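Participant:
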Amino acid sequence: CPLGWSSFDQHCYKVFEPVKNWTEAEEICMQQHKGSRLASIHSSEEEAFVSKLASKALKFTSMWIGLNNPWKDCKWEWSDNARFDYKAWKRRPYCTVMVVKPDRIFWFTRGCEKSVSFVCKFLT
Amino acid sequence: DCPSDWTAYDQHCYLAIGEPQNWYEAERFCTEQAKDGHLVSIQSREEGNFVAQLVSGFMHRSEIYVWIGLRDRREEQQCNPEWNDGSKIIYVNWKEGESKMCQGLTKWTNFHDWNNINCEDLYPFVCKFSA
Ligand SMILES: *[C@@H]1O[C@H](CO)[C@@H](O)[C@H](O)[C@H]1NC(C)=O
Ligand SMILES: [Cl-]
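The listed protein sequences derive, respectively, from chains B and A.
Its first residue numbered 1, the first sequence is counted upward by one per residue in the authors' numbering.
Its first residue numbered 3, the second sequence is counted upward by one per residue in the authors' numbering.
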């Protein structure tokens with residue numbers, strides 16, 4: 001991997017500290033290299049590596065990962081099976097943040113407009 | 003008419019339940035405490051205003067949501083099928099409470115708007131059945 005990027009299973013990763021909202025973070029990742037985007041996390045092993053990497057780069061270890069809108073394409077249904085049409089669900093776009101604690105790692109969601117540090121990834 | 007203390011609206015009967023239960027337990031309660039009962043389904047703005055008035059008493063309590071019968075029934079913890087990069091979402095690691103696949107009325111809008119929240123969380127709710 002290039003200077004500043006760390007290697008893990010044929011991919012290159014890099015954590016960026018300066019906070020940004022999800023979309024600008026994604027753009028910034030795409031600019032750094034071909035095939036680079038906010039990191040998708042496919043297993044606990046990949047997750048562990050990215051977490052240790054973040055701990056070295058971030059004082060406040062929270063970072064955007066590649067999951068924008070976990071509630072995209074949901075299929076809302078009424079328990080009485082009435083047809084779903086009228087709706088008052090108006091949640092704005094939310095994005096995923098990976099948090100690294102001393103005893104564990106977990107993900108939670110925040111408005112995509114919030115500013116968070118982030119991590120990029122691309123196939124070598 | 004409606005039985006006991008249930009309130010009528012557009013040919014249905016409704017009842018606000020103060021004892022908190024998770025979404026599944028609330029739905030079951032509604033099925034057990036009323037003939038063909040279920041957590042409330044809200045199919046129009048008018049019905050929503052009626053339900054909001056029905057639960058106006060919960061504005062003083064600490065609970066910020068009231069269960070309604072809407073949810074995504076899948077086994078998965080979220081809906082989006084893919085990561086930003088196109089790969090499939092399979093492995094996920096949500097903190098407790100961060101998988102939100104059931105819906106409830108929101109206290110901030112005086113119980114008019116709905117929000118998806120943790121199905122296992124405990125909240126008061128509303129039952130509905132056809133008269
Ligand atoms: C992220 O920042 C850019 C530029 O500042 C802005 O255009 C975009 O709308 C922001 N995204 C959100 C969700 O606010
Ligand atoms: Cl159901």
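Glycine is no exception: its CB is placed at the ideal position from the N, C-alpha and C atoms.
#1: Work out the CA separation of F131 of chain A and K37 of chain A for me, nearest whole Å.
#2: Let me know the secondary structure DSSP gives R110 of chain B once reduced to three states.
#3: Return the CA-CA distance between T109 of chain B and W8 of chain A, expressed in angstroms with no decimal places.
#4: Just checking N24 of chain A against ligand 1 - is the residue's beta carbon closer than 6 Å to any of the ligand's heavy atoms?
#5: So with CB distances below 8 Å, who are the chain B contacts of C81 of chain A?
#6: Between the C-alpha atoms of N69 of chain B and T96 of chain B, what's the straight-line distance to the nearest angstrom?
#7: Identify the contact partners of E26 of chain B in chain A, using a Cβ-Cβ distance below 9 Å as the criterion.
#8: How long is the line joining the alpha carbons of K87 of chain B and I44 of chain A, rounded to whole angstroms?
#9: According to DSSP, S62 of chain B sits in a beta bridge with which residue or residues?
#10: With H, G and I counted as helix, E and B as strand and the rest as coil, what does DSSP make of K56 of chain B?
#11: Could you spell out the range, first to last residue, of the beta strand (DSSP E) harbouring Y13 of chain B?
Facilitator: Looking at the atomic coordinates:
#1: 7 Å
#2: strand
#3: 38 Å
#4: no
#5: By Cβ distance, chain B contributes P70, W71, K72, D73, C74 and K75.
#6: 8 Å
#7: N86
#8: 8 Å
#9: B:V99
#10: In the three-state DSSP reduction, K56 of chain B falls in the helix class (H, G or I).
#11: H11 to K20
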